[PDB]
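Below you'll find only one chain, the form deposited in one PDB entry, shown as structure tokens.
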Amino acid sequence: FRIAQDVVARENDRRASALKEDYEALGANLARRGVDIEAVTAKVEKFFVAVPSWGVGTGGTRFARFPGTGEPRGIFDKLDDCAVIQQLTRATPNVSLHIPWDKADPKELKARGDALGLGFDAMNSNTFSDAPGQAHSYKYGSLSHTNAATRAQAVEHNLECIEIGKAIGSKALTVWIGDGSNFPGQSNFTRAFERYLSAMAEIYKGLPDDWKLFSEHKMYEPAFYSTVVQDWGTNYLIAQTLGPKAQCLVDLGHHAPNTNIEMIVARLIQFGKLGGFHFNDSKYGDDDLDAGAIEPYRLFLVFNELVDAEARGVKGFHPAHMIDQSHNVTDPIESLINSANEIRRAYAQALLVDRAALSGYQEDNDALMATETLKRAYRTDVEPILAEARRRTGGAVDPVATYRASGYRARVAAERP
């Protein structure tokens, strides 16, 4: 236990009475609306989202990085910190690894995970930066590089990520590359894409049949003119071309300004290529801010489509859920705690939508009541449900408050001078 159980129990008891009052009131309110709060809490406590090992430490920009105290010094420290997030929120039992940043004896990683009560989500390859001893540079690309030997090297790296994953229980490989161009003419759009598809086909050939391959589109950065996998349209072509095991991953901050992302989510679901999500929030570009901190309604609307798919009869629908954020000016652990909470919040609210009523308003083209139907769910303060779900599962009623009362940050600051 990263956080002393006595502290968790102490901070829960301190807020137990108020929570009971809020939960009961909400329970009565939902009962008046024909909803059993218990049924919602039950689903909420089972909603999980993977935390990024690379978000456990303070992030930075091309201009600077401002580390705080007790910065994790490696993957093992990072797992220790991730365990705090899980213990308190109970919403992040799995960690997403990134190779080579997190390279270490896989057996030891799995060992530290089991001890901490953490599992591992999809693996993440890295051919957007050069590692020491690398024969070919990814300066001008990786999986779509003009040099055959460079593409082969990139493929081998991804195959190595799969091997690592198999040793720790991972069942998927996420591939995001910076491949693209900064100048018109620098790259031939079609040939670069053909090269990418050929290299991804090789990775697919080496992909275990009990694994999935997620390709992640991004409009720009690091490439500032064109990017090979620029949007969901190219991403769909990729997944469809590679095979059933290949699906698309949607990072919320990777779209052009004003994009209707919830529609992209719906389209991918309809054609069975929605592999999963990379949650975060943003205002300008791929800001990688705490989920729901800028546009909480958009987050709700994305979950509205996920829940709608279930309501529509889509069977065995279980897209992968992962947080992909950068914490530049806050305690990384606190931001991850509240981000996971925010994701559960949007999910909970989506579960409250009166699907029958919404359906009737859509068929009758009553736009005002249709949108109001979504708002009645979104406006509902589900915090009592999120807190109770945590309390009932070993977490904290108020995670950040408990985290600070524990003095964990000061603790690791002393341990990690």
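Only residues modelled in both forms are compared. Think of the rigid core as the biggest set of C-alphas that the two forms share within 1.5 Å after superposition. Residue positions are given as counts along the sequence shown, with the first one as 1.
There is another form of this protein, the form deposited in another entry, and it is not shown here; the text below is about that form.
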Go through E310, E194, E156, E163 and flag the only one whose CA is off by 2 Å or more between the shown form and the other one, rigid core held fixed. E310
Given that the CA-CA distance for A39 and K315 shifts by 3 Å or more in that other deposited form, does it become closer or farther? farther
Comparison of CA distance in that other deposited form with shown form for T393, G316, at least 3 Å: farther
Where exactly does the backbone move between the shown form and the other one? Looking for runs of 3+ consecutive residues, each with a CA shift of 2 angstroms or more after core alignment. 310-313, 315-318
